[PDB]
file final-v9.txt (compact mmCIF, C-alpha atoms)
# COMPACT_ATOMS: atom_id res chain seq x y z
CA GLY A 262 99.84 96.02 116.27
CA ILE A 263 100.01 95.26 112.56
CA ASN A 264 101.90 92.02 113.23
CA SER A 265 99.15 90.04 115.02
CA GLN A 266 96.70 90.63 112.19
CA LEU A 267 99.40 89.57 109.79
CA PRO A 268 99.60 85.80 109.32
CA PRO A 269 102.98 84.15 109.79
CA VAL A 270 104.53 83.62 106.35
CA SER A 271 108.11 82.77 105.39
CA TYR A 272 108.36 84.95 102.27
CA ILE A 273 108.88 88.73 102.18
CA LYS A 274 105.73 90.85 101.99
CA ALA A 275 105.04 94.43 100.89
CA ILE A 276 104.14 95.26 104.49
CA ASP A 277 107.59 94.15 105.67
CA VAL A 278 109.42 96.40 103.21
CA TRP A 279 107.49 99.53 104.12
CA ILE A 280 107.91 98.85 107.84
CA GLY A 281 111.66 98.24 107.68
CA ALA A 282 112.15 101.41 105.68
CA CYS A 283 110.23 103.72 108.02
CA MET A 284 112.04 102.05 110.91
CA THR A 285 115.34 102.95 109.26
CA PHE A 286 114.52 106.57 108.36
CA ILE A 287 113.56 107.30 111.97
CA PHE A 288 116.62 105.45 113.28
CA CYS A 289 118.95 107.38 110.98
CA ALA A 290 117.34 110.66 112.02
CA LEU A 291 118.27 109.84 115.61
CA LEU A 292 121.78 108.66 114.69
CA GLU A 293 122.26 111.93 112.80
CA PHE A 294 121.81 113.74 116.11
CA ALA A 295 124.51 111.59 117.72
CA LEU A 296 127.00 112.55 115.00
CA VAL A 297 126.02 116.22 115.27
CA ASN A 298 126.23 116.29 119.06
CA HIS A 299 129.66 114.66 118.89
CA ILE A 300 131.47 116.99 116.49
CA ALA A 301 129.92 120.07 118.10
CA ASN A 302 131.03 119.08 121.60
CA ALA A 303 134.74 119.01 120.66
CA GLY A 304 134.70 122.83 120.85
CA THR A 305 136.73 124.17 117.95
CA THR A 306 135.08 126.40 115.30
CA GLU A 307 136.10 124.42 112.17
CA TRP A 308 134.20 121.60 113.85
CA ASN A 309 131.82 123.95 115.83
CA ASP A 310 130.25 125.25 112.59
CA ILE A 311 130.42 121.90 110.71
CA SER A 312 127.64 120.60 112.97
CA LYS A 313 125.21 123.10 111.45
CA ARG A 314 126.29 122.03 107.95
CA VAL A 315 125.31 118.46 108.82
CA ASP A 316 121.93 119.76 109.99
CA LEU A 317 121.46 121.78 106.81
CA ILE A 318 122.04 118.87 104.43
CA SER A 319 119.83 116.61 106.56
CA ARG A 320 116.87 118.93 106.01
CA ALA A 321 117.21 118.17 102.30
CA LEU A 322 118.65 114.65 102.11
CA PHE A 323 116.05 112.84 104.23
CA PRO A 324 112.92 114.30 102.58
CA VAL A 325 114.35 113.58 99.13
CA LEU A 326 115.42 110.02 99.99
CA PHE A 327 112.01 109.33 101.54
CA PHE A 328 110.25 110.78 98.49
CA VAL A 329 112.44 108.61 96.26
CA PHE A 330 111.50 105.57 98.34
CA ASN A 331 107.75 106.21 98.09
CA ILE A 332 107.98 106.48 94.30
CA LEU A 333 109.92 103.21 94.18
CA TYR A 334 107.65 101.51 96.71
CA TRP A 335 104.20 102.38 95.38
CA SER A 336 105.20 101.85 91.74
CA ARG A 337 106.40 98.37 92.68
CA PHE A 338 103.40 97.36 94.79
CA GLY A 339 100.97 99.28 92.59
CA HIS A 340 100.20 96.09 90.68
CA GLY B 262 96.03 95.21 125.75
CA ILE B 263 92.99 96.13 123.66
CA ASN B 264 94.45 94.42 120.58
CA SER B 265 94.83 91.10 122.42
CA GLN B 266 91.17 91.14 123.50
CA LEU B 267 90.14 91.88 119.93
CA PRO B 268 89.85 89.10 117.29
CA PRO B 269 91.62 89.78 113.99
CA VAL B 270 89.46 91.88 111.64
CA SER B 271 90.52 93.76 108.51
CA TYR B 272 88.22 96.85 108.59
CA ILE B 273 88.46 99.96 110.80
CA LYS B 274 86.54 99.69 114.07
CA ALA B 275 85.35 102.32 116.56
CA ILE B 276 87.96 101.19 119.09
CA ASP B 277 90.72 101.91 116.56
CA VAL B 278 89.60 105.51 116.06
CA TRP B 279 89.49 106.34 119.77
CA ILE B 280 92.94 104.82 120.27
CA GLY B 281 94.54 106.77 117.42
CA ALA B 282 93.11 110.00 118.79
CA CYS B 283 94.41 109.56 122.34
CA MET B 284 97.73 108.37 120.90
CA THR B 285 98.01 111.50 118.74
CA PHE B 286 96.97 114.05 121.37
CA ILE B 287 99.58 112.71 123.79
CA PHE B 288 102.25 112.64 121.08
CA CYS B 289 101.42 116.20 120.06
CA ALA B 290 101.40 117.35 123.68
CA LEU B 291 104.97 116.07 123.92
CA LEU B 292 105.66 117.54 120.47
CA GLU B 293 104.45 120.92 121.71
CA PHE B 294 107.14 120.80 124.40
CA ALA B 295 109.81 119.98 121.82
CA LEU B 296 108.83 123.00 119.72
CA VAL B 297 108.69 125.22 122.80
CA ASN B 298 112.00 124.00 124.23
CA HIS B 299 113.82 124.70 120.95
CA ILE B 300 112.82 128.33 120.47
CA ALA B 301 113.19 128.89 124.21
CA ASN B 302 116.82 127.77 124.34
CA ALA B 303 118.15 130.56 122.12
CA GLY B 304 117.01 132.95 124.87
CA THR B 305 116.55 136.28 123.08
CA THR B 306 113.57 138.45 124.04
CA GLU B 307 111.86 137.71 120.72
CA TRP B 308 111.78 133.90 120.87
CA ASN B 309 110.82 133.95 124.57
CA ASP B 310 107.59 135.95 124.08
CA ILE B 311 106.74 133.53 121.26
CA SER B 312 107.20 130.47 123.49
CA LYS B 313 104.91 131.95 126.14
CA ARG B 314 102.18 132.54 123.56
CA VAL B 315 102.64 128.91 122.48
CA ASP B 316 102.29 127.77 126.11
CA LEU B 317 99.26 130.01 126.62
CA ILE B 318 97.35 128.77 123.56
CA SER B 319 98.13 125.10 124.29
CA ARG B 320 96.18 125.21 127.56
CA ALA B 321 93.14 126.23 125.51
CA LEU B 322 93.56 124.56 122.12
CA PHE B 323 94.15 121.01 123.36
CA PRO B 324 91.16 120.88 125.73
CA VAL B 325 88.93 122.40 123.03
CA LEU B 326 90.13 120.12 120.22
CA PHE B 327 89.72 117.07 122.46
CA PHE B 328 86.24 118.25 123.40
CA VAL B 329 85.37 118.73 119.72
CA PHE B 330 86.57 115.21 118.93
CA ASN B 331 84.45 113.59 121.65
CA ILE B 332 81.33 115.31 120.34
CA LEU B 333 82.18 114.10 116.82
CA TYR B 334 83.19 110.64 118.05
CA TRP B 335 80.27 109.74 120.30
CA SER B 336 77.65 111.23 117.98
CA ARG B 337 79.13 108.99 115.28
CA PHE B 338 79.36 105.81 117.36
CA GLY B 339 76.21 106.50 119.38
CA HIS B 340 74.00 104.42 117.10
call {"tool": "encode", "arguments": {"input": "final-v9.txt", "output": "structure tokens"}}
result
Amino acid sequence: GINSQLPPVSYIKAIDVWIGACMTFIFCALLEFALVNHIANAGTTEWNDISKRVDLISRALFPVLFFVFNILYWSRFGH
Amino acid sequence: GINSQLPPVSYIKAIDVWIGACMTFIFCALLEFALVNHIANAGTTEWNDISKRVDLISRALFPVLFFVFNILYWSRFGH
């Protein structure tokens, strides 16, 4: 929807950066599930429990990384 | 389909508001299921009863909230 409004231009815009990032964060969140579902399925407790560990660190890593991005993004395109 | 019909304009229009609402309500309705299905899966008497309350209130909250929006929407874009 944003694309039509946006004129075709060959150089990188601020709108392209913020789109590609959000696209990635959501994609990685889905990929994270694939990794979690894999190691859990192999049914042995070392691995059984590791799946949760992956989930635990994801609840912290993603919000921090996204918060870091916003600081970097808006301070760059704040001028 | 609505975007194609519409010529490119930079400010927020009434058609944009009513799209974002319907888009959100449907996303949240699906989101409600995701929240319900999670707490349901652990199947202990506690979580169960909670899920049912969530299902019960959704049949009332969503129609009311949507009804509130329409009153706000059409009284705003009625002139």
call {"tool": "calpha_fit_and_write", "arguments": {"input": "final-v9.txt", "fixed": "chain A", "moving": "chain B", "output": "JSON list (two decimals) with C-alpha atoms, in the coordinates of the input"}}
result
[["chain", "number", "residue", "atom", "x", "y", "z"],
["B", 262, "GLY", "CA", 100.48, 95.63, 115.97],
["B", 263, "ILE", "CA", 100.81, 94.85, 112.27],
["B", 264, "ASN", "CA", 102.54, 91.53, 113.00],
["B", 265, "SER", "CA", 99.64, 90.33, 115.17],
["B", 266, "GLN", "CA", 97.12, 91.04, 112.39],
["B", 267, "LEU", "CA", 99.31, 89.16, 109.94],
["B", 268, "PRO", "CA", 99.25, 85.32, 109.70],
["B", 269, "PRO", "CA", 102.66, 83.62, 109.78],
["B", 270, "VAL", "CA", 104.28, 83.56, 106.32],
["B", 271, "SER", "CA", 107.90, 82.85, 105.43],
["B", 272, "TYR", "CA", 108.46, 85.15, 102.39],
["B", 273, "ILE", "CA", 108.96, 88.94, 102.31],
["B", 274, "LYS", "CA", 105.73, 90.92, 101.95],
["B", 275, "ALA", "CA", 105.05, 94.52, 100.91],
["B", 276, "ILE", "CA", 104.10, 95.43, 104.48],
["B", 277, "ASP", "CA", 107.54, 94.30, 105.68],
["B", 278, "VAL", "CA", 109.36, 96.60, 103.27],
["B", 279, "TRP", "CA", 107.41, 99.71, 104.24],
["B", 280, "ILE", "CA", 107.96, 98.98, 107.93],
["B", 281, "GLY", "CA", 111.72, 98.52, 107.58],
["B", 282, "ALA", "CA", 111.98, 101.80, 105.71],
["B", 283, "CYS", "CA", 110.11, 103.89, 108.28],
["B", 284, "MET", "CA", 112.03, 102.09, 111.04],
["B", 285, "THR", "CA", 115.36, 102.95, 109.39],
["B", 286, "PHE", "CA", 114.62, 106.59, 108.56],
["B", 287, "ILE", "CA", 113.62, 107.27, 112.16],
["B", 288, "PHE", "CA", 116.67, 105.43, 113.49],
["B", 289, "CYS", "CA", 118.95, 107.36, 111.15],
["B", 290, "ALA", "CA", 117.29, 110.65, 112.06],
["B", 291, "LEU", "CA", 118.21, 109.92, 115.67],
["B", 292, "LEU", "CA", 121.61, 108.69, 114.49],
["B", 293, "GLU", "CA", 122.15, 112.00, 112.71],
["B", 294, "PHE", "CA", 121.72, 113.76, 116.05],
["B", 295, "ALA", "CA", 124.26, 111.46, 117.70],
["B", 296, "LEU", "CA", 126.85, 112.26, 115.02],
["B", 297, "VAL", "CA", 126.08, 115.97, 115.25],
["B", 298, "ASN", "CA", 126.14, 116.08, 119.05],
["B", 299, "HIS", "CA", 129.57, 114.41, 119.17],
["B", 300, "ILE", "CA", 131.46, 116.75, 116.86],
["B", 301, "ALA", "CA", 129.58, 119.69, 118.35],
["B", 302, "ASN", "CA", 130.69, 119.01, 121.92],
["B", 303, "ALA", "CA", 134.39, 119.59, 121.27],
["B", 304, "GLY", "CA", 133.43, 123.19, 120.46],
["B", 305, "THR", "CA", 136.26, 124.44, 118.23],
["B", 306, "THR", "CA", 135.38, 126.64, 115.25],
["B", 307, "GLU", "CA", 136.22, 123.83, 112.83],
["B", 308, "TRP", "CA", 133.89, 121.12, 114.15],
["B", 309, "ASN", "CA", 131.06, 123.64, 114.66],
["B", 310, "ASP", "CA", 130.88, 124.74, 111.00],
["B", 311, "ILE", "CA", 130.87, 121.03, 110.08],
["B", 312, "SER", "CA", 127.91, 120.29, 112.37],
["B", 313, "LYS", "CA", 125.90, 123.13, 110.85],
["B", 314, "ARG", "CA", 126.51, 121.79, 107.34],
["B", 315, "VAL", "CA", 125.34, 118.39, 108.62],
["B", 316, "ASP", "CA", 122.18, 119.99, 110.05],
["B", 317, "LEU", "CA", 121.61, 121.94, 106.84],
["B", 318, "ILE", "CA", 121.89, 118.94, 104.51],
["B", 319, "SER", "CA", 119.70, 116.73, 106.74],
["B", 320, "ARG", "CA", 116.68, 118.99, 106.22],
["B", 321, "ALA", "CA", 117.04, 118.32, 102.49],
["B", 322, "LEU", "CA", 118.46, 114.80, 102.20],
["B", 323, "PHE", "CA", 115.92, 113.03, 104.41],
["B", 324, "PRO", "CA", 112.81, 114.49, 102.74],
["B", 325, "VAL", "CA", 114.28, 113.76, 99.30],
["B", 326, "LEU", "CA", 115.38, 110.19, 100.11],
["B", 327, "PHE", "CA", 111.98, 109.45, 101.65],
["B", 328, "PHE", "CA", 110.29, 110.90, 98.58],
["B", 329, "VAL", "CA", 112.49, 108.76, 96.31],
["B", 330, "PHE", "CA", 111.57, 105.65, 98.29],
["B", 331, "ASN", "CA", 107.82, 106.26, 98.03],
["B", 332, "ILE", "CA", 108.07, 106.60, 94.26],
["B", 333, "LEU", "CA", 110.06, 103.34, 94.13],
["B", 334, "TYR", "CA", 107.79, 101.63, 96.67],
["B", 335, "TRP", "CA", 104.35, 102.44, 95.29],
["B", 336, "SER", "CA", 105.36, 101.94, 91.66],
["B", 337, "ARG", "CA", 106.56, 98.49, 92.74],
["B", 338, "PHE", "CA", 103.51, 97.55, 94.81],
["B", 339, "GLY", "CA", 101.01, 99.37, 92.60],
["B", 340, "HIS", "CA", 100.15, 96.27, 90.59]]
call {"tool": "interface_residues", "arguments": {"input": "final-v9.txt", "of": "chain B", "to": "chain A", "cutoff": "8 Å", "atoms": "all atoms listed in the file", "output": "PyMOL selection string"}}
result
chain B and resi 264+269-271
call {"tool": "closest_residue", "arguments": {"input": "final-v9.txt", "among": "B:333, B:338, B:299, B:323", "to": "residue B:285", "atoms": "all atoms listed in the file"}}
result
B:323
call {"tool": "residues_near_point", "arguments": {"input": "final-v9.txt", "point": "(106.6, 128.7, 121.3)", "cutoff": "9 Å", "atoms": "only C-alpha atoms", "output": "list in words"}}
result
residues 293, 294, 296, 297, 298, 299, 300, 301, 308, 309, 310, 311, 312, 313, 314, 315 and 316 of chain B
call {"tool": "atom_distance", "arguments": {"input": "final-v9.txt", "atom1": "atom CA of residue A:320", "atom2": "atom CA of residue A:287"}}
result
13.5 Å
call {"tool": "build_atoms", "arguments": {"input": "final-v9.txt", "residues": "stretch 275-290 of chain A", "atoms": "N, CA, C and O atoms", "output": "tab-separated table (two decimals), in the frame of the given file"}}
result
chain	number	residue	atom	x	y	z
A	275	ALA	N	104.99	92.99	101.12
A	275	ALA	CA	105.04	94.43	100.89
A	275	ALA	C	104.98	95.19	102.21
A	275	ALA	O	105.53	96.29	102.33
A	276	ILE	N	104.29	94.62	103.19
A	276	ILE	CA	104.14	95.26	104.49
A	276	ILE	C	105.45	95.26	105.27
A	276	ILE	O	105.69	96.13	106.09
A	277	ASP	N	106.30	94.27	104.99
A	277	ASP	CA	107.59	94.15	105.67
A	277	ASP	C	108.58	95.19	105.15
A	277	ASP	O	109.36	95.75	105.92
A	278	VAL	N	108.54	95.43	103.85
A	278	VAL	CA	109.42	96.40	103.21
A	278	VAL	C	109.14	97.80	103.73
A	278	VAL	O	110.07	98.53	104.10
A	279	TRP	N	107.87	98.17	103.76
A	279	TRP	CA	107.49	99.53	104.12
A	279	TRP	C	107.65	99.79	105.62
A	279	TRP	O	107.75	100.94	106.04
A	280	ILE	N	107.67	98.72	106.41
A	280	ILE	CA	107.91	98.85	107.84
A	280	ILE	C	109.40	99.04	108.11
A	280	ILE	O	109.80	99.94	108.85
A	281	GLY	N	110.22	98.19	107.49
A	281	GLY	CA	111.66	98.24	107.68
A	281	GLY	C	112.28	99.54	107.22
A	281	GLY	O	113.28	99.99	107.76
A	282	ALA	N	111.67	100.14	106.20
A	282	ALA	CA	112.15	101.41	105.68
A	282	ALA	C	111.88	102.54	106.67
A	282	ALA	O	112.80	103.26	107.06
A	283	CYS	N	110.62	102.69	107.07
A	283	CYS	CA	110.23	103.72	108.02
A	283	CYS	C	110.98	103.57	109.34
A	283	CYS	O	111.28	104.56	110.01
A	284	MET	N	111.27	102.33	109.71
A	284	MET	CA	112.04	102.05	110.91
A	284	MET	C	113.46	102.60	110.76
A	284	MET	O	114.04	103.10	111.71
A	285	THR	N	113.99	102.50	109.55
A	285	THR	CA	115.34	102.95	109.26
A	285	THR	C	115.44	104.47	109.22
A	285	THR	O	116.34	105.06	109.84
A	286	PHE	N	114.53	105.11	108.50
A	286	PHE	CA	114.52	106.57	108.36
A	286	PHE	C	114.46	107.28	109.71
A	286	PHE	O	115.11	108.30	109.91
A	287	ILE	N	113.69	106.72	110.64
A	287	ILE	CA	113.56	107.30	111.97
A	287	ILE	C	114.82	107.01	112.79
A	287	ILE	O	115.27	107.85	113.57
A	288	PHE	N	115.40	105.83	112.59
A	288	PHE	CA	116.62	105.45	113.28
A	288	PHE	C	117.80	106.31	112.83
A	288	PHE	O	118.63	106.72	113.65
A	289	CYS	N	117.87	106.58	111.54
A	289	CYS	CA	118.95	107.38	110.98
A	289	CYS	C	118.83	108.84	111.41
A	289	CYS	O	119.84	109.52	111.60
A	290	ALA	N	117.60	109.31	111.55
A	290	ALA	CA	117.34	110.66	112.02
A	290	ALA	C	117.86	110.85	113.44
A	290	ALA	O	118.36	111.93	113.78
